[PDB]
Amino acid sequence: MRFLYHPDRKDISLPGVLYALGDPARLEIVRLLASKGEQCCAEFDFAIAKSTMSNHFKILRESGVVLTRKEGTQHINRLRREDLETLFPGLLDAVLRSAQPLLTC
């Protein structure tokens, strides 16, 4: 599988994770990946410029939140739930409890 860049768990920090979630578009991506499982980039039809969405997914990958792979021409994103729960127990649940939907609303 063509996995895109992603850090090893050891190089994932709490400030980086909080930073990655610190954006309405990125929070909404994480919220949908958590509830619906893996989703290609094109499912996140935000009213947002192409280069900006690309930077968003780079931020999510560099921070250790999302694992992306190329399948065909799709970029398939996966929430790194197991890594995040191992490092930061209960963090995802506390964030997702309060995250307000955007794309489904």
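All residue numbers are counted from 1 along the displayed sequence.
> If you average the Cα B factors in the entry, which is higher, 93-101 or 15-23?
The stretch with the larger average C-alpha B-factor is 93-101.
> Got a sec? Mean C-alpha B-factor, which is higher, 48-56 or 74-82?
Here the higher of the two C-alpha B-factor means belongs to 48-56.
> Determine, from the deposited record, the chain-internal third of the Cα B-factor for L32: lowest, middle or highest.
Answer is lowest: the recorded C-alpha B-factor places it there.
> Would you mind ranking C40 by its C-alpha B-factor against the rest of the chain and naming the third, lowest, middle or highest?
Within its chain, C40 is a middle-third residue by C-alpha B-factor, going by the deposited values.
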